[PDB]
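Pasted below: input39.cif, mmCIF, C-alpha atoms.
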data_structure
loop_
_atom_site.label_atom_id
_atom_site.label_comp_id
_atom_site.auth_asym_id
_atom_site.auth_seq_id
_atom_site.Cartn_x
_atom_site.Cartn_y
_atom_site.Cartn_z
CA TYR A 45 91.19 105.76 124.84
CA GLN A 46 87.61 107.03 124.51
CA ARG A 47 87.06 110.38 122.83
CA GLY A 48 84.31 112.51 121.38
CA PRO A 49 80.50 112.78 121.51
CA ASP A 50 78.12 110.09 122.74
CA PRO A 51 77.08 108.44 119.48
CA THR A 52 73.60 108.20 117.93
CA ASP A 53 72.33 106.44 114.80
CA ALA A 54 72.01 109.66 112.78
CA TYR A 55 75.48 110.79 113.87
CA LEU A 56 76.95 107.41 112.77
CA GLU A 57 75.04 107.31 109.45
CA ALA A 58 76.06 110.84 108.39
CA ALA A 59 78.61 111.20 105.57
CA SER A 60 81.17 112.71 107.99
CA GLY A 61 82.03 112.34 111.66
CA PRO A 62 82.61 115.47 113.74
CA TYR A 63 86.32 116.10 113.13
CA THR A 64 87.97 118.07 110.34
CA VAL A 65 90.16 115.78 108.21
CA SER A 66 93.49 116.80 106.64
CA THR A 67 95.51 114.71 104.18
CA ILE A 68 99.10 114.12 103.07
CA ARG A 69 100.23 112.39 99.86
CA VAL A 70 102.56 109.40 100.34
CA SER A 71 104.80 109.03 97.29
CA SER A 72 104.55 105.92 95.13
CA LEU A 73 108.32 105.58 95.71
CA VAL A 74 107.88 104.66 99.42
CA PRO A 75 109.52 101.33 100.40
CA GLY A 76 107.32 98.24 100.84
CA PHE A 77 104.02 99.38 99.21
CA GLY A 78 102.73 101.65 96.44
CA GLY A 79 102.12 104.97 98.26
CA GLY A 80 98.77 106.42 99.21
CA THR A 81 97.10 109.14 101.32
CA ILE A 82 97.29 109.68 105.11
CA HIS A 83 94.00 111.07 106.49
CA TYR A 84 94.03 112.50 109.99
CA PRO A 85 91.74 114.63 112.17
CA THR A 86 92.97 118.10 113.10
CA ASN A 87 90.73 118.72 116.11
CA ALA A 88 90.43 115.35 117.94
CA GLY A 89 91.64 116.55 121.35
CA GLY A 90 95.38 116.00 121.96
CA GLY A 91 95.43 112.26 122.72
CA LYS A 92 97.13 109.64 120.53
CA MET A 93 94.96 107.63 118.12
CA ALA A 94 94.90 104.18 116.60
CA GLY A 95 96.36 103.81 113.10
CA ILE A 96 94.50 102.07 110.25
CA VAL A 97 95.61 100.98 106.75
CA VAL A 98 93.00 100.49 103.97
CA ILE A 99 94.09 98.29 101.04
CA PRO A 100 92.61 97.24 97.64
CA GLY A 101 91.31 95.27 95.87
CA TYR A 102 90.29 93.60 92.59
CA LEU A 103 92.72 94.74 89.85
CA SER A 104 92.33 98.25 91.28
CA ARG A 105 94.10 101.27 92.74
CA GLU A 106 93.84 103.30 95.95
CA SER A 107 90.88 105.21 94.49
CA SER A 108 88.66 102.10 94.80
CA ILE A 109 88.78 102.16 98.64
CA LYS A 110 89.55 105.86 99.29
CA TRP A 111 86.05 106.57 100.70
CA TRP A 112 87.04 104.72 103.90
CA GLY A 113 89.82 107.26 104.57
CA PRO A 114 87.72 110.31 105.54
CA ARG A 115 84.85 108.21 106.89
CA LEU A 116 87.06 106.61 109.55
CA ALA A 117 89.45 109.53 110.13
CA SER A 118 86.59 112.00 110.80
CA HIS A 119 85.66 109.86 113.84
CA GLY A 120 89.16 109.98 115.41
CA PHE A 121 91.67 107.67 113.67
CA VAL A 122 94.81 108.12 111.55
CA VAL A 123 93.92 106.28 108.35
CA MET A 124 96.19 105.60 105.34
CA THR A 125 94.54 104.43 102.09
CA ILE A 126 97.17 102.71 99.92
CA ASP A 127 98.23 101.44 96.53
CA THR A 128 100.02 98.11 96.32
CA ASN A 129 103.23 97.48 94.36
CA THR A 130 101.15 96.26 91.37
CA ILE A 131 97.44 95.68 90.76
CA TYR A 132 98.19 91.97 90.20
CA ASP A 133 99.66 91.23 93.64
CA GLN A 134 98.27 88.14 95.40
CA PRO A 135 96.76 88.09 98.93
CA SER A 136 99.96 87.03 100.74
CA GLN A 137 101.89 89.85 99.04
CA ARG A 138 99.08 92.19 100.14
CA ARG A 139 99.46 90.97 103.74
CA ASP A 140 103.15 91.88 103.68
CA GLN A 141 102.32 95.33 102.25
CA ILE A 142 99.76 96.02 105.01
CA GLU A 143 102.53 95.32 107.56
CA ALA A 144 104.99 97.59 105.75
CA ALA A 145 102.39 100.34 105.48
CA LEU A 146 101.55 100.15 109.20
CA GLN A 147 105.24 100.40 110.01
CA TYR A 148 105.53 103.42 107.71
CA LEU A 149 102.69 105.09 109.63
CA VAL A 150 104.44 104.40 112.95
CA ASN A 151 107.71 105.75 111.49
CA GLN A 152 106.04 108.98 110.35
CA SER A 153 104.42 109.49 113.77
CA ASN A 154 107.88 108.95 115.35
CA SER A 155 109.51 111.56 113.11
CA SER A 156 109.91 115.24 114.00
CA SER A 157 108.84 116.69 110.63
CA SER A 158 105.74 114.73 109.56
CA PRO A 159 102.32 116.44 109.90
CA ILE A 160 101.27 113.36 111.95
CA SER A 161 104.23 113.66 114.39
CA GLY A 162 103.18 112.19 117.75
CA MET A 163 99.64 111.19 116.69
CA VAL A 164 99.77 107.37 116.35
CA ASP A 165 99.69 104.89 119.24
CA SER A 166 101.88 102.12 117.79
CA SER A 167 100.22 99.54 120.08
CA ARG A 168 96.78 100.08 118.44
CA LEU A 169 96.86 99.25 114.73
CA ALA A 170 94.20 97.88 112.36
CA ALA A 171 93.54 96.94 108.74
CA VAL A 172 90.60 97.24 106.29
CA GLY A 173 90.87 95.40 102.97
CA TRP A 174 88.72 94.89 99.86
CA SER A 175 88.71 91.65 97.81
CA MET A 176 92.25 90.25 97.52
CA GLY A 177 93.28 92.90 100.06
CA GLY A 178 90.56 91.48 102.33
CA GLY A 179 92.27 88.09 102.03
CA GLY A 180 95.56 89.77 102.94
CA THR A 181 93.83 91.45 105.93
CA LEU A 182 92.45 88.13 107.22
CA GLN A 183 95.91 86.54 106.78
CA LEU A 184 97.43 89.33 108.90
CA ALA A 185 94.64 88.87 111.48
CA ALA A 186 95.52 85.15 111.69
CA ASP A 187 99.15 86.05 112.43
CA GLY A 188 98.37 88.71 115.02
CA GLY A 189 99.82 92.18 115.24
CA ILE A 190 96.61 94.15 114.49
CA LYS A 191 93.89 94.82 117.08
CA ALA A 192 90.91 94.91 114.65
CA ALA A 193 90.16 93.80 111.07
CA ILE A 194 87.42 94.66 108.58
CA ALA A 195 87.14 92.64 105.34
CA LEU A 196 85.19 94.17 102.43
CA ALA A 197 83.96 91.40 100.09
CA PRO A 198 87.08 89.26 100.83
CA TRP A 199 88.68 86.96 98.30
CA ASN A 200 91.18 84.30 99.45
CA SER A 201 92.26 80.72 98.85
CA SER A 202 90.11 78.18 100.67
CA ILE A 203 93.41 76.94 102.15
CA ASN A 204 94.07 79.37 105.01
CA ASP A 205 94.70 79.80 108.74
CA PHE A 206 91.50 81.78 109.46
CA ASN A 207 90.63 79.24 112.19
CA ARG A 208 93.39 80.85 114.29
CA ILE A 209 92.11 84.46 114.15
CA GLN A 210 91.97 86.04 117.62
CA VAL A 211 91.56 89.58 116.22
CA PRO A 212 88.01 91.08 116.31
CA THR A 213 86.88 90.74 112.69
CA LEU A 214 83.91 92.25 110.85
CA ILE A 215 83.14 90.83 107.38
CA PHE A 216 80.99 92.72 104.87
CA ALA A 217 79.65 90.25 102.30
CA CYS A 218 78.09 91.37 98.99
CA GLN A 219 75.06 89.19 98.38
CA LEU A 220 75.38 88.78 94.60
CA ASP A 221 79.20 88.81 94.40
CA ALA A 222 80.43 86.78 91.42
CA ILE A 223 84.18 87.50 91.79
CA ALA A 224 84.36 86.26 95.41
CA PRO A 225 81.07 84.38 95.81
CA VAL A 226 79.83 84.58 99.42
CA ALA A 227 79.36 80.79 99.59
CA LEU A 228 83.06 80.18 98.75
CA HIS A 229 84.67 83.23 100.45
CA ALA A 230 83.03 85.60 102.98
CA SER A 231 80.69 82.99 104.53
CA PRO A 232 83.15 80.10 105.14
CA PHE A 233 85.82 82.60 106.25
CA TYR A 234 83.46 84.01 108.90
CA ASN A 235 82.37 80.53 110.03
CA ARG A 236 86.02 79.39 110.46
CA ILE A 237 86.90 82.19 112.91
CA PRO A 238 86.79 80.90 116.53
CA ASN A 239 83.52 81.42 118.36
CA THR A 240 85.52 83.00 121.22
CA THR A 241 86.74 85.80 118.92
CA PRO A 242 84.44 88.85 118.61
CA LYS A 243 83.07 88.80 115.07
CA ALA A 244 80.25 90.00 112.82
CA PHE A 245 78.93 89.21 109.32
CA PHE A 246 76.82 91.78 107.43
CA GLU A 247 75.64 90.69 103.96
CA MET A 248 74.48 93.60 101.78
CA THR A 249 71.31 92.93 99.76
CA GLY A 250 71.86 92.86 96.00
CA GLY A 251 75.54 93.83 96.23
CA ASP A 252 78.16 93.16 93.58
CA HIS A 253 81.88 92.75 94.42
CA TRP A 254 82.22 96.58 94.86
CA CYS A 255 79.33 96.90 97.32
CA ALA A 256 81.39 97.38 100.50
CA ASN A 257 83.68 100.07 99.04
CA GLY A 258 81.38 102.92 100.02
CA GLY A 259 80.23 105.97 98.13
CA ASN A 260 77.11 104.08 97.06
CA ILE A 261 73.62 103.01 98.21
CA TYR A 262 75.12 101.19 101.26
CA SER A 263 77.20 104.10 102.63
CA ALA A 264 75.14 104.85 105.73
CA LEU A 265 75.28 101.26 107.01
CA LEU A 266 78.90 100.57 105.98
CA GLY A 267 80.02 103.69 107.83
CA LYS A 268 77.88 103.09 110.93
CA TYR A 269 78.97 99.48 111.40
CA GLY A 270 82.62 100.03 110.37
CA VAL A 271 83.20 103.06 112.62
CA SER A 272 81.46 101.30 115.51
CA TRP A 273 83.72 98.26 115.08
CA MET A 274 86.91 100.38 115.17
CA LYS A 275 85.67 102.48 118.14
CA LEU A 276 84.69 99.40 120.15
CA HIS A 277 87.80 97.34 119.54
CA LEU A 278 90.54 99.96 119.08
CA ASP A 279 89.38 102.54 121.66
CA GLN A 280 87.58 100.05 123.96
CA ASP A 281 84.63 102.45 123.60
CA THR A 282 81.58 100.51 124.79
CA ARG A 283 79.29 103.41 123.81
CA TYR A 284 79.52 101.93 120.27
CA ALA A 285 78.43 98.41 121.25
CA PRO A 286 74.63 99.10 121.04
CA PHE A 287 74.96 99.81 117.30
CA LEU A 288 76.41 96.33 116.76
CA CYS A 289 74.61 94.31 119.46
CA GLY A 290 70.86 94.65 120.02
CA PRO A 291 69.27 95.80 116.75
CA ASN A 292 67.45 93.44 114.39
CA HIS A 293 69.96 94.19 111.64
CA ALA A 294 68.29 91.89 109.10
CA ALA A 295 65.00 93.81 109.30
CA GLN A 296 66.60 96.50 107.12
CA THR A 297 66.14 96.38 103.36
CA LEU A 298 69.88 96.61 102.72
CA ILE A 299 70.89 93.71 105.05
CA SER A 300 70.13 90.27 103.55
CA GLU A 301 71.86 88.27 106.31
CA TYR A 302 73.44 89.00 109.70
CA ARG A 303 75.53 86.76 112.00
CA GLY A 304 77.49 87.52 115.17
CA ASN A 305 78.53 86.43 118.63
CA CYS A 306 77.31 89.40 120.69
CA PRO A 307 77.90 90.59 123.34
CA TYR A 308 81.55 91.56 123.02
CA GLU A 309 83.45 91.52 126.30
#
Show me, as structure tokens, the structure contained in the file I just sent.
Amino acid sequence: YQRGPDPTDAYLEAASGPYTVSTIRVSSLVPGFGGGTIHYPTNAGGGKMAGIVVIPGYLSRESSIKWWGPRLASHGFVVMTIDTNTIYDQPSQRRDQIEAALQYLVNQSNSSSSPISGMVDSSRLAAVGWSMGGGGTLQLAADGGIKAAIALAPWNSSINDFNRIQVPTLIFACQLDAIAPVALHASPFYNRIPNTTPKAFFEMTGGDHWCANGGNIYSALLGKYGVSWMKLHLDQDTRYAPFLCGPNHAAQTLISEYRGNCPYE
């Protein structure tokens, strides 16, 4: 499943990966979620790719998390950024909508008329979620069915099944978050995940609840670590492991705490 150039730090911190990214609008009338945008690379080599859904949020729309669409897709993934049914939906409703959106992506790849016809490997699916959508992502990770999870400043009930998660999970915490305080959300969620499950915790210095959404002072690190996580766990691409395992991450101004269980085998 490996594709593309041998990575470097500068290549991973740049605003775009090497592939040209096209988009299609998904109507708000689609069943099971609120619509969105499919992002896909046009020149990624002929092989099938993993499929990723990106979900909000805190009382917010697709636009809040859209930055993750091109950032991931330009490195060789089919990535759909979505709206939910309403901005008020709770984390378990968001979980269900991630599953419906992943199935929609599979269905479009299996069609004869979609621009993404043939492109998605339905056995390699993943989710990225902000805030209440991060809680929904962790709930889906606990149930299985995705191969990787990234949570951006997650919010969830302290009553959960996160101690069951077998899915490789990266958590971005926002140091100063007051909506989902790290001490009540991101930190205990990370600590509950089994020590046998590949995981990582990156806390962003000074960040408010929006800090992991990209398009901001943290972009270079969010994109480097997030792309490396998806490459390593969805493509089994060990060339991306040195970006996650080895560096003194907390020596950087923008990282206020790091935790992990490297190496990942």
Contacts of region 222-232 of chain A at 7 Å (only C-alpha atoms; same-chain gap of 4+ positions) as number ranges by chain = A: 197-200, 215, 217, 236, 253
The PyMOL selection byres ((chain A and resi 205) around 9) resolved against shown file, as JSON, numbers by chain | {"A": [182, 183, 186, 187, 203, 204, 206, 207, 208, 209, 236]}
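Ranking A:102, A:234, A:308, A:84 by their shortest atom-to-atom distance to residue 176 (chain A), with all atoms listed in the file included, puts A:102 first.
As for CA of residue 48 (chain A) and CA of residue 70 (chain A), they are spaced 28.0 Å apart.
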Take the point (87.7, 82.8, 115.4) as written in the file and pick out every residue within 6 Å of it, counting only C-alpha atoms; give the list as a ChimeraX atom specification.
-> /A:207,209-210,237-239,241
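The residues returned by the PyMOL selection byres ((chain A and resi 104) around 12) on the shown structure are residues 99, 100, 101, 102, 103, 105, 106, 107, 108, 109, 110, 126, 127, 128, 129, 130, 131, 132, 133, 174, 175, 176, 177, 254 and 257 of chain A.
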Spatial neighbours of residue 283 (chain A), 8 Å, only C-alpha atoms, chain gap at least 6 places, as a list in words =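 So the residues in contact are residues 50, 51 and 276 of chain A.
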For CA of residue 168 (chain A) and CA of residue 190 (chain A), quote the distance in Å rounded to one decimal.
->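 CA of residue 190 (chain A) lies at a distance of 7.1 Å from CA of residue 168 (chain A).
Straight-line separation from CA of residue 47 (chain A) to CA of residue 166 (chain A): 17.7 Å.
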Mind telling me what the PyMOL selection byres ((chain A and resi 57-62) around 10) catches here, as a PyMOL selection string?
-> chain A and resi 48-49+52-56+63-65+85+87-88+114-120+259+263-269+271
Have a look at A:309, A:247, A:165, A:143 and name the one nearest to residue 218 (chain A); count all atoms listed in the file.
->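 Looking at the shortest contact to residue 218 (chain A), the residue is A:247.
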